[PDB]
Ligand SMILES: Cn1cnc2cncc(NC(=O)[C@@H]3CCOc4ccc(Cl)cc43)c21
Ligand SMILES: Cn1cnc2cncc(NC(=O)[C@@H]3CCOc4ccc(Cl)cc43)c21
Ligand SMILES: [Cl-]
Ligand SMILES: [Cl-]
C-alpha cells in the first residue's frame, strides 16, 4: 500500500540527453538514432527572442555552428533541418543507448514524467500532467529547455513533450517531438496568457479510487448522482465535464473497489461543496488531478 | 521557476537492480561490485514471518538456494552471509554498471529518492523523507522488498535505505545498507505501531523559502518571533523543535530571499494558527515537509 506521485524510471531517457550549443546559447537535446532533437530557439540570442524570424536566423547557421556534446565527447553534425519549432541535427553516430521509442502527441489530462536537464545533464525527474489549458506546471530553470516528457510501456519510451518556454505566470509551455506546441503558445518572448486551468475530473476520480484502494475511505458517502447532475456542480467548480468515455475508463477501478462510478462522482460532488474540513486524502489537503486512471492501476498493481 | 517533488535521476540505481529468489520467496536485490544486498526475510515463508529465527532458518540454506537474476541472466552465488537484517550474496561477477557509491545512515528529516522495483525490475521513482518516527510513507506492494532509497552527489550514489516491511497502518519500515533498521522496527510479522509523526519544521521553512523564490508570497507577514517563542507554537502543532543548527542550515535561503529565518518562523507560526483559509502554497493546501534546505537550493539552482 501507499500512493505516491511516481515518475517512470529515467535511465532510458538519461542515455539520450545531450548538450546543444549554437553560438552563445546552450540548451538540451534528445539523441535518438543519428538525430538530435532540440528547441529551434537554440539559434537565438536573448534579443532575437523578442521577434524571431527563425527561417531567416537559420540561413546564417551551418552544420558546424551546432555543437553537440554527449557526456564529454563531441558529436559530428552532418545535417540540420527545422521541423516546426524543433531542430533536428543529424549526427554521424547513432546513439548506442537509443531505446525503443515512439513520438506521441498527448491529450490534455494525460500525465508523463519529465527528466529536467541542464547542459545535457539530468538533474531530476518528476511527474506532471498536460493541463486542460495546454500548459504544464513543471520545475524548469534557465538552461532546462530541451528537457523531455515521456511515458514507458515496458521497454518502449513514448516521448510526448519537449520543454521550450516559461510564461510570465510561471507555467510552462512546450512542444511534442514533431515541434508542434501544445496549445496556442509560440516561441516568441511576447505576452502570452494561459486560459482557465480546469481540474481533470477523470483524474480526480481515479485518485479517489486509489485512496479507497489504499484505505482512505472517510469521504465515501451514502449518495449517488447522474452525469448531468454531477456536471452542473463540476462546471461551477471549474472541473472538466465528465463523459461516458471517462466512466468507461474508470470501469476497472470501479470493479476493483465495488464502488460504482456515479457513486464516486457523488462523493466528489460532496467534497467540492463541503470542502475537506481540515482532513486529508492520501496525504493531500486538495483533490489531486495528476494521476490518470491508468496510472492508478499501474501503481496499485506494480507494472514494471 | 516552478517547484516540484523531484526525485534524483534513477539510471545509476536501475543498473544495480536484480531479482533474488530463495525457495518460494522472490524480492529485489541491489548488485554492487561482486555483492548482492537483499532483505534477510527472502529466506522465510509467509508462515516463518510470524516468529522467524533467522540464524536457524539460514543454516538450511546454501549458496545454490539463492537464485539471483540480473535482467534475464543468472548470477553464480559463491558465498552468503547475514549482516543484521540484510543478506549479502557474493556473486562470481562484479556488476559492470556499478556506479561510485557509499552506504550512509540518514537522520530523520532527510529526504531521498526511491526506485520501487518488482522481480528486479524498476516500476517507478519517487521522493520521500525519513519521518521523525523512523518510518517512510512510500508506495510499495508485495514483492517491492529490496527496493532502495538513495541520494546522488554528481556521480556518487549514497544508498540510505532498503525496503523491508509495511506496518498495519500503511506506513513503511526498512534498514540502511548495513541491515540496521531505521527506528525500532524488527523484521517480524508482529504488531508494531509507529510513534508520533511530527512535522519536519526545518523542511517546512525551506519549502516556504522555495515558495517565496518561486513567487508565492501571500503568507509573508509583518511579524518576527524567537526560537523559544516559535517552539512553543511548534510543540502544540506536533512540529519538531527548531534549533540554532536548523537556523544555520537555512542561512543561504535567508540570504537569497532577504527574509530573516526568524521572520519566516513567524510566517509559519501564523499559518499554523490561522490555517491556509482555502489558499495554496506551491500548489499545496498543506505545509510540505519533504524538501530539505539542501533540496530547495539544489532544485532552485539546477545542480546536475
Ligand atoms: C528564462 N527562464 C527561466 N526559467 C525558465 C524555464 N523554462 C524556460 C525558460 N526560458 C524561456 O522561457 C526563454 C526566455 C526568453 O523568452 C522565451 C521566449 C520563447 C521561448 Cl520558446 C523561450 C524563452 C526559463
Ligand atoms: C505484504 N505487503 C504488502 N504491501 C507491502 C509493502 N511493503 C512490504 C510488504 N511486505 C511485508 O511487510 C511482509 C509481509 C508479512 O509481514 C512482514 C513482516 C516483516 C517483514 Cl520484514 C516483512 C513482512 C508488503
Ligand atoms: Cl514570454
Ligand atoms: Cl507486520
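Heads up, the Cβs are rebuilt from the backbone with ideal geometry, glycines too, and the neighbour counts pull from every protein chain shown. Rule-based calculations on the coordinates, nothing more; no lab input.
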task: Return only the number of the condition from (1) within 16 Å of ligand 1 (Cβ to nearest atom); (2) more than 19 Å from residue A:5 (Cβ to Cβ); (3) outside any loop (DSSP other than H, G, I, E, B) that residue B:210 does not satisfy.
output: (2)
- prompt: Which members of region B:170-186 meet the condition of being within 16 Å of ligand 4 (Cβ to nearest atom) and either more than 14 Å from chain A (Cβ to nearest Cβ) or more than 21 Å from residue A:3 (Cα to Cα) (or both)?
  reply: B:175, B:181, B:182, B:183, B:184, B:185, B:186
- prompt: Among the residues of region A:207-218, is there at least one that is touching a helix residue (DSSP H, G or I) at 6+ places or on another chain (Cβ under 6 Å), more than 14 Å from chain B (Cβ to nearest Cβ) and under 23 Å from residue A:251 (Cβ atoms)?
  reply: yes
- prompt: Of all residues in region B:56-71, which are farther than 16 Å from residue B:89 by Cβ and in a helix (DSSP H, G or I)?
  reply: B:56, B:59
field: Looking only at region A:255-274, and only at residues there that are in contact with a helix residue (DSSP H, G or I) (Cβ under 8 Å, 6 or more places away or on another chain) and assigned to a loop (DSSP other than H, G, I, E, B), the one that is farthest from residue B:121 (Cα to Cα)
entry: A:260
task: Starting from residues that are surrounded by 18 or more Cβ atoms within 10 Å (Cβ to Cβ) and away from ligand 2 (no atom under 13 Å from the Cβ), keep the ones in region B:162-182 and report whichever is nearest to the chain's Cα centre (by Cα).
output: B:176
message: Suppose the filter is in contact with a strand residue (DSSP E or B) (Cβ under 7 Å, 6 or more places away or on another chain) and either within 13 Å of chain B (Cβ to nearest Cβ) or within 16 Å of ligand 4 (Cβ to nearest atom) (or both); does residue A:167 pass it?
response: yes
message: For residue B:133, only one of the following conditions fails: (1) within 16 Å of ligand 2 (Cβ to nearest atom); (2) in a loop (DSSP other than H, G, I, E, B); (3) out of contact with any helix residue (DSSP H, G or I) (no Cβ under 7 Å at 6 or more places or on another chain). What is its number?
response: (1)
- line: Of the residues in region A:83-97, those that are under 15 Å from residue A:58 (Cα atoms) and out of contact with any strand residue (DSSP E or B) (no Cβ under 8 Å at 6 or more places or on another chain) come to A:83
statement: Filtering region A:213-249 down to residues that are under 14 Å from residue A:288 (Cα atoms) and outside any loop (DSSP other than H, G, I, E, B) yields A:239
message: Looking only at region A:137-186, count every residue that is farther than 23 Å from residue A:69 by Cβ and assigned to a loop (DSSP other than H, G, I, E, B) and tell me the total.
response: 18
task: Answer yes if at least one residue in region B:221-244 is more than 16 Å from ligand 3 (Cβ to nearest atom), at positive phi and over 17 Å from the mean Cα position of the chain (by Cα), and no otherwise.
output: yes
statement: Of those in region A:187-203 that are within 11 Å of ligand 3 (Cβ to nearest atom) and touching a residue at least 40 places away in the same chain (Cβ under 8 Å), the residue nearest to the chain's Cα centre (by Cα) is A:187
task: Output the number of the condition that residue B:157 fails; it satisfies all remaining conditions of (1) farther than 22 Å from residue B:111 by Cα; (2) surrounded by 15 or more Cβ atoms within 10 Å (Cβ to Cβ); (3) touching a helix residue (DSSP H, G or I) at 6+ places or on another chain (Cβ under 6 Å).
output: (1)
message: Condition first: surrounded by fewer than 21 Cβ atoms within 10 Å (Cβ to Cβ) and either within 14 Å of ligand 2 (Cβ to nearest atom) or in a strand (DSSP E or B) (or both). Now tell me which residues in region B:108-130 satisfy that.
response: B:121
query: Taking into account only those residues within region B:187-205 that are within 16 Å of ligand 2 (Cβ to nearest atom) and surrounded by 14 or more Cβ atoms within 10 Å (Cβ to Cβ), which is nearest to the other protein chains (Cβ to nearest Cβ)?
result: B:194
message: So in region A:258-274, with the set limited to residues that are under 25 Å from residue B:139 (Cβ atoms) and crowded, with 17+ Cβ neighbours inside 10 Å, which one is nearest to the other protein chains (Cβ to nearest Cβ)?
response: A:271
message: For region A:275-302, give me the residue count where each residue is buried (at least 22 other Cβ atoms within 10 Å of the Cβ), more than 10 Å from every other protein chain (Cβ to nearest Cβ) and assigned to a helix (DSSP H, G or I).
response: 2
